[PDB]
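Peer 1: 3D model of this:
(4 chains)
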Amino acid sequence: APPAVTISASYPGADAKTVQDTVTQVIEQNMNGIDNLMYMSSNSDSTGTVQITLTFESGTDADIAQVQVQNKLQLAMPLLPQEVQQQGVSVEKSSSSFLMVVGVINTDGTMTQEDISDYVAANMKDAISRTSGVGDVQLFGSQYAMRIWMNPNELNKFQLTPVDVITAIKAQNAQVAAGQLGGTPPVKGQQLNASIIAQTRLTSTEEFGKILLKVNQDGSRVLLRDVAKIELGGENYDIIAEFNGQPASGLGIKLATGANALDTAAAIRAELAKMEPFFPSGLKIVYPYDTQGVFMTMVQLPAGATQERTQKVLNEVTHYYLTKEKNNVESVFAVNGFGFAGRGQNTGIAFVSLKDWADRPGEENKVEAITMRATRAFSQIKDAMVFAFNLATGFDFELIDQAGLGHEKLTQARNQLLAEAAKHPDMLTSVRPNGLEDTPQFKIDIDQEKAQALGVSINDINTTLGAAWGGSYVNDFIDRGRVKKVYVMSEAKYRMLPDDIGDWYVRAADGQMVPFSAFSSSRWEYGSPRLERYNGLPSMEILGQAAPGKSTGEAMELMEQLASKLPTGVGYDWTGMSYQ
Amino acid sequence: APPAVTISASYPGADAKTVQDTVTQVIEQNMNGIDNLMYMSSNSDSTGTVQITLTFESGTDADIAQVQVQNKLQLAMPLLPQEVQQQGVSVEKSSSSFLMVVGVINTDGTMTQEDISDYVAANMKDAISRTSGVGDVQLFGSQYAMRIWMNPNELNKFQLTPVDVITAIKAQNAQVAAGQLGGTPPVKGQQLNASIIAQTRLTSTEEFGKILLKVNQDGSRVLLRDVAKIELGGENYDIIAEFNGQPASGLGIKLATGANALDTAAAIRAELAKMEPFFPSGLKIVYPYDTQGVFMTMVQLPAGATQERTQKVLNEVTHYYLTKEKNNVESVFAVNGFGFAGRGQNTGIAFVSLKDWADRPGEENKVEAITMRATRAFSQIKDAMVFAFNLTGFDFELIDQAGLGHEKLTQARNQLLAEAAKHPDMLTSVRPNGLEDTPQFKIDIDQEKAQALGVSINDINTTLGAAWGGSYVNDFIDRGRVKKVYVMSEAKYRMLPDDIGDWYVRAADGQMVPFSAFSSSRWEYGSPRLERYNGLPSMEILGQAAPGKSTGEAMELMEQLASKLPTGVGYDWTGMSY
Amino acid sequence: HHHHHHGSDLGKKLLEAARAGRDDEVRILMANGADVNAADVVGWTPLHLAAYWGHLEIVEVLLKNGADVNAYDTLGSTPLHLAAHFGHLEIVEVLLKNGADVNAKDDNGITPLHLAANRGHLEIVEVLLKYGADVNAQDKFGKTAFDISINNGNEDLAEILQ
Amino acid sequence: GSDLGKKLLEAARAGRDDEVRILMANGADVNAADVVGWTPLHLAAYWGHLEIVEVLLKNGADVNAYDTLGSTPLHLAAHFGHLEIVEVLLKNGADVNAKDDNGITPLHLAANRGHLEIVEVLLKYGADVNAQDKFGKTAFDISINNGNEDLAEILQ
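Peer 2: Residues are numbered from 1 along each chain as shown, chains lettered A, B, ... in the order given. Provided below are the atomic coordinates:
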C-alpha cells in the first residue's frame, strides 16, 4: 500500500469549521512542492481535531516524505492558534492500521478505567512511542490533568470569572527562575553561592485548592476551592475501554512505514518487560489483538449519538461474542469513542481475539465463518453500521467544491448524485457517503454594541464562554514527578442546557457583573461535525461497489456520467483503490 | 561508536528543577517517532542549562538522526518557555571529545581575557562553526552583551523597578518598520519615494545610558545611567581561560560524526588564515591541543565549590606542568568553568601540549609515563578529583520507576553504594557520576500580603529574577554585529540574604514595598544537577571489577544488590555496559 | 548561638559526616577533639544537618558531646525547626528532651509548630504542644498554626488544636 | 530647468571635482535642486567634498539654500563633522543661526554629535548659544543629556 504521512492537531473546544478555517486550511495551503505526492485529504471535526493525510507514490522514502511534509508545515506553525501549537502538533509516518493492542487491566479492581489510563499514559506510553518501528501510538483513554471544575454561582457570588481563575492559576502555579546569591560576576572574595528557589509547580489538588483568588474588603479570603471542585481527571473524557467487560486502558500501536513487524513487536514486548516489575498491585498486561487469530468490529452510529448510545451498541456486540461465540472467542477489547476514522462520540471498535486454531476445529469456526455470522447478527441493529471483518471490488470517489459553493450546496449536490446512483442497481451497489451528516448546533451572537456600552471586553466574553463550555489548557503542573496539564472548565451540571448560558457572568470595567444573556442572543441551526477536504478543496467522499460481475472500470465510468450532470462548480476525482 | 545527537538549551537564572520541569521533561516527552533510538539521557543543571543526549543504534545515518530529532524538537518548541526559545536551542551530531583547540592571546597585553573572548565570539566563531566537519564549537569565554547593572537604592529613590527598566529598554532600543514616503500603491503624480527611518537599535553604552526612564513631577529627568552602571560585559561570566598563565580565550572544536579529522583540521586552519590579517595589534593564535603529543587534565571539585577554589586547583595543575614537567611540556591551556562533560563553577579542564617527541627521549618522557606521574602528583589534592588522561569497568543507571522523587532516589542510591562498599573483593570505586545536593535559598512569596498591598506577583517575580538571575531583554548592535542586552543587579546588591530586603517593588497605588514585607525564606537542600534516563529520573553510578575479577561477575553482583532496593527503584545498563 | 564558619579540617569532616549519616566517623572525630559546633557557610552545625537528614543516633552523639541544641543558622532557624519541618519524630523528642527552645522563632517569626503544622506532621505537633509550644504564636504575617490548618484544609490538625 | 542640473547634482553627490568644473563651465544651474530640495552644495557638504564646496560657491551657489525640511548646507557640514567645509560656508556668508522646520540649528547638531572643533567655530561666528529647538532644548541641554563633559565646559 502507498505510504502516507499524517499531520494531526488539536484545538480543545473547537467546532469543525473553526478547526478547518484556523488550522487545516492554513496548513494545507503550504502543502505543495513536495516530491512524489499523489494526493492529500483531510478531516476537520467538532471534537476539535484535524488530521491531514498526504499519500505518496509507492517506493517513496518515508523519512524524506516526512521531512518534506514537516518543512512545509513549519510555514503554517506561527499562523496557527496558540491553543493548537501548545497541544503539540504531530507529523507521523505510519501504516493506517494497528499492528497490536497492548491492554491493561487491574485484576484486583482497585483502579478505575481513569486510573488505569493515567497509569498507562504516565509510565508506559512514551517509552513505547520512542521504540524504533513504532509509527503511531493511540491511548485508549486519557492522561490525568489537574481539573478545576468551576461553579458559576460561586464565581458570581465573589465578582470573579474564569479569566480571574485562569490568571490566578498562571500566577500561583508557576515555576520561577530566581537566580542565585553570590552568582557571577561576584564581589571578589564571595564564599556563599546558593541557588534561589522561589515558586515551583503545584503537585496536588490540595495545593490547587488553596490558590488565592482574592482578599475581600472585610479581610476574608476567596480560595480556588471556594469556586471550583478540584480533582485529577482526564485531559478529555472521550475514550473509554473495556476488556471482557472489565475496566481497562491500552495502547493501539501502528507500524512505522517500512519497519519490520516481528522485530518491532518484539522490542515492544522487551520494553513492556521493563515496566512490569514496577506496576502497582493488581495491574496487568493482556494482549487482545496480535497480528489468522483475530479480527475487529467497527461500530458507527450517526452523528449526534452520545457516549451512552454507542456503549449500548458496543454492549450488544460484546454480549454477542461472550454468549453466542464463547467457544471461539477468547477476548473482546472494546473501545467507546474511538473508531476507524479516529475519534468521535458516535464511534467505537472491538478488537476480538480467538482461541487457538486447534481448539476451533471445523470450517464454520474459522475467522471468515465467524465474521460472516457476526456481521449477519449485527445487520439488524438499527441506527448503527456494525460489522466484523479481518483487516476490493470497490470504488473511492471524491465529490469536490471547485467554485466556492460552500458546504450546504456541496451536500445538495452529493444528495443528487446519491439519488441518481440509487436508480442503477444493474451497475452500482451500496453508493454511500463515507462521512457525517449535519446536526443541530447552538449559534450565539455577541452583541458588540451592548458589550461596548456595558464595558465588557470581547476577550473576557470569549474566554468565559470557551473555558466554561469547552475547557481551557492553562499551564502545566507536576503529578508524581511528571509534567502534566492543568484544565479549567465548568462543572458538568452548569454546561448542560441552553438556559445555563445565562448563569455565567463576565465582569465589566466598572466592576459590575453582567450575565451572558445581557449581550448575547442565540438560535438553533445546522452545521457539519466533520468537514472533509480533498487536495485542499471542500469535498465529500463517496464509497461503493461494482455490481455483481461488472468491472470497476465500468462502474467508475457510470459514476463519471452521473457526476457530469451535477450543478456548475461541482467536480470529482478518484482516490485510494480507484486512483490507479 | 553509536552516533549521538545532543540537544542543548538554556534558561538564564533557572535552577535545575525549573530547567528540568519546564524544559527537559517537555522535550523528552516529544522525542517519539524517531528511528533507531537506543536510549536517551539528560542533565538539567543549576547553571540554567540542559543537555539531552540521544544515542542511536550502530550503523545509523547521523544526518537522518539529527534531522528527525530537530524536527521533533521544532514541534515541541512552542511548549517551552519564551526565555528558552529566545536563547536558541541547538542540536548537534558530534563526538563528545575535542579534535582541537584554538587558543587566542594578546602578546602585547592590550586586551583582557574578556575583550579577547568577545573578539573571538564576534569575529572568529561563526565562520569556524560553518566550516564542514565542525560538529560543535565551545567558546572558552562569552560574547559581550550590553550589561545594565541595576542599583536597587537608586531604583527605589525614583520609585522604579526592574520591570520599568526592561519596559523602557524594549521601547527605546527598538528597530522600527516605518514604511515609506510614496509607498505603493501610490497616488497618481507622486515624484518622491524614500524609506522612512524611525528608531534603530542602540550601539553604545552612551546611548543606553540616556534611555529616559521617567520625568519627575518637577520636570527633571531620570535616565537609565541614574539607576544602573552601563558596560559591555559577557552574556555570562562562567568560563575563564589561560594559556601558560596568560589571559586567553579560544574555541574548543569537536568533529562532526563521520567527518574527516585531518581535512576538517586543515579547513579550520585555512579559515583562521583568512582572519589573522585583520586582528587588532597583539592578538595572536596559538595551537594548544591538536589531536599522542597531547593529553588533558580534568578538575572536578564537589558541587558548592566556587570559581576561586576551582582556580586555585587549576593553578596547582598548571604550575606542576610549567615547573616539574617544563622539559616535556610546551604549553597548558586551562579553562575554569568547563569540564569536558558539563559546565559549572566547580569544574575545569587543562589541555596539555608536549614538546617534539624527538626532544623527549626516553620511556619516562613519553605521554604514558607523564600522565601517570601527573595523576600521582595530583592524587593528594584535597576535595578534588584531578586526573590526567589521553583521549573501562561499568556504567549503571539507578532509575525512579514509580514517581518516588529526588530525595527517595538519593536514599536508594546511597543504600546501593553502601551495600557495594561491603564487597571490596568484587567491586572497586562504586560511585555517583553526578552531584550532591547543596544548600539553596528557598523564598516564599506571601500571596495574601502581596494582594493586600496591591503588589503584582509578576512584578515581584520579574524583580527577583532580573535582579538576582539576569534577564535577556532584546538585541542591540555592537560594532555592526547583533548581540544581546541584559539587566541584572550590580554584584554587590545580590551577594547576601539581607540584600533581598533592599529590592523594592511598586504597588498599584504607587507605594514602594520592600521584598521583606511579602516574603519569607529558609535554607534547604536540593540538586544542582538532575539526571534522567529514558525519560525517568535517574542516577548514574560508575565502578569497576576488583583485581582478578571479570566485568560480567561485577555486573552480576550490581544486579543482585539492585534487586534488594526499595519498591519502585529499578536499574539499567548503559554506555560501555550496553 | 550563631556559631562562626571556621575552615577547620576536623569541622569540615564532622559537618560532612553528620550530613551523610556516618555514625562511626562522627564518634572518631568527636574523640579527636572536633568542634561539635562547627558551622558551614549557611550557619548549619552538624546538629542542623543530622536533624535535617534524619540521622537519629548522630543527633544523640552530638548532644552527648555538648552540641548547642539551639544553634541558629544565618536565617534564625534551629535544629528543631528542621526536624519538625521534615517529619523526624524521634529527633524532635530527643532535641526537646535536651532543652531545645520549643518556641524559637526564625527571622520570619516562624516556629517549629508553624512548620510541623504546615506539612501536616500531627504527631510532632502534639509533642511540641506537650513541651510548652505557644499555640497562638504568630509569624510575621499574623498567622498561627490554626490559620495554617484552615488554609490547608487539614481538619485533623484543626481538631488537635481545638 | 536643465539636464546638466541633474548631472551636476550627481557629480557633486559622488565627489567628481573635474566633472563639476566642466559642467559649471557649460552653464549648469548651480542651484539645481533634487527631489528632496538638496542642491549641489548640500550634497558636497554632506559627503565632505571640500573642493567642490569651494568651486560651487565661487560660481554663485546659494550658500543658504534650504531643503524641503528647512535644512541648509551648513546644517549638514556641522552635523557630519566636516570642519573645513563649516569654515568655508561661514566665510562665504552661511547663516550661522539658520533653523530648520524643527527649529534645529547647526550648533544643536554639532553639539549632538560632539563635534567640538565645529562647535567653537560656530560660536566664533556668532551662533546663538541659547537657541531653542521646538522642544525647548539648547546645545547646553544636549551636552547634559549625552553626558559630554568636554562640550559642557565649552558652553559654560
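Peer 1: helices and strands around the helix or strand harbouring residue A:6, which ones?
Peer 2: Assigned by DSSP states H and E, residue A:6 falls within strand A:4-10. On a contact count with 3 or more CB pairs under 8 Å, 6 or more residues apart in numbering or on different chains; DSSP states H and E, strand A:4-10 meets strand A:49-56, helix A:62-76, strand A:90-92, strand A:94-106. To be clear about C-beta, it is placed using only N, CA and C from the backbone, and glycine gets the same treatment.
Peer 1: quick one: the longest one to helix B:62-76, angle?
Peer 2: Direction vectors for helix A:62-76 and helix B:62-76, defined by axes from the mean of the first three to the mean of the last three CA atoms, to 10 degrees, enclose an angle of 30 degrees.
Peer 1: Report the buried residues of helix A:62-76.
Peer 2: A:62-70, A:72-73, A:76 (16 or more other CB atoms under 10 Å in any protein chain shown).
Peer 1: what's the neighbour count on the residue in chain C that chain B sits nearest to?
Peer 2: Chain B sits closest to residue C:108 of chain C, with a gap of 3.8 Å, by CB to the nearest CB. Counted with other CB atoms under 10 Å in any protein chain shown, residues neighbouring residue C:108 total 20.
Peer 1: Quickly note the distance from it to residue C:81.
Peer 2: 11 Å (CB to CB, to the nearest Å).
Peer 1: and what of residue A:462?
Peer 2: According to CB to CB, residue A:462 stands 49 Å off from residue C:81.
Peer 1: Comparing the two, which residue is more hemmed in?
Peer 2: Remark: of residue A:462 and residue C:81, residue C:81 carries more neighbours, 28 against 13, as counted by other CB under 10 Å.
Peer 1: Residue C:110 is in contact with the more buried one, correct?
Peer 2: Yes: Residue C:81 lies in contact with residue C:110 (CB atoms under 8 Å); the separation is 7.5 Å.
Peer 1: State the number of residues packed around residue A:273.
Peer 2: Residues lying near residue A:273 (other CB under 10 Å) number 10.
Peer 1: Does it lie in a helix or a strand, and which?
Peer 2: Counting by DSSP H and E, residue A:273 is found in helix A:261-275.
Peer 1: give me the residue from the stretch 51-200 of chain A nearest chain B.
Peer 2: Taking CB to the nearest CB as the measure, the point where the stretch 51-200 of chain A comes nearest chain B is residue A:179, at 2.7 Å.
Peer 1: Dihedrals phi and psi, residue A:546?
Peer 2: Backbone torsions of residue A:546, given as degrees, to the nearest 10, read phi -50, psi 120.
Peer 1: Now it. Nearest residue, chain neighbours left out?
Peer 2: Take residue A:546 and drop its neighbours on the chain: the residue closest to it by CB to CB, 6 or more residues apart in numbering or on different chains is residue A:555, 4.3 Å away.
Peer 1: Regarding chain C, what is its longest helix?
Peer 2: If you go by DSSP state H, chain C has its longest helix at helix C:9-20.
Peer 1: any idea which helix or strand comes after the strand holding residue A:6?
Peer 2: Past strand A:4-10, the next helix or strand by DSSP H and E is helix A:16-19.
Peer 1: which helices and strands sit right next to that next one?
Peer 2: Helix A:16-19 packs on strand A:37-45, strand A:530-534, going by 3+ CB pairs under 8 Å, 6+ apart.
Peer 1: Look at residue 100 and say how many residues are nearby.
Peer 2: Here I'm looking at chain A. By other CB under 10 Å, 23 other residues sit near residue A:100.
Peer 1: wait, I meant chain C there
Peer 2: The tally of other residues near residue C:100 (other CB under 10 Å) stands at 26.
Peer 1: can you check the one 5 residues further on too?
Peer 2: The criterion is other CB under 10 Å. On that basis, residue C:105 has 20 neighbouring residues.
Peer 1: mind listing what the closest residue to it other than its chain neighbours touches?
Peer 2: Closest residue to residue C:105 apart from its sequence neighbours, by CB to CB, 6+ apart: residue C:111 at 5.7 Å. By CB atoms under 8 Å, 6 or more residues apart in numbering or on different chains, the residues touching residue C:111 are C:81, C:103-105, C:133-134, C:137, C:139.
Peer 1: just the helices in chain C please.
Peer 2: For chain C, the helices defined by DSSP H occupy C:9-20, C:23-31, C:46-52, C:56-64, C:79-85, C:89-97, C:112-118, C:122-130, C:145-152, C:155-161.
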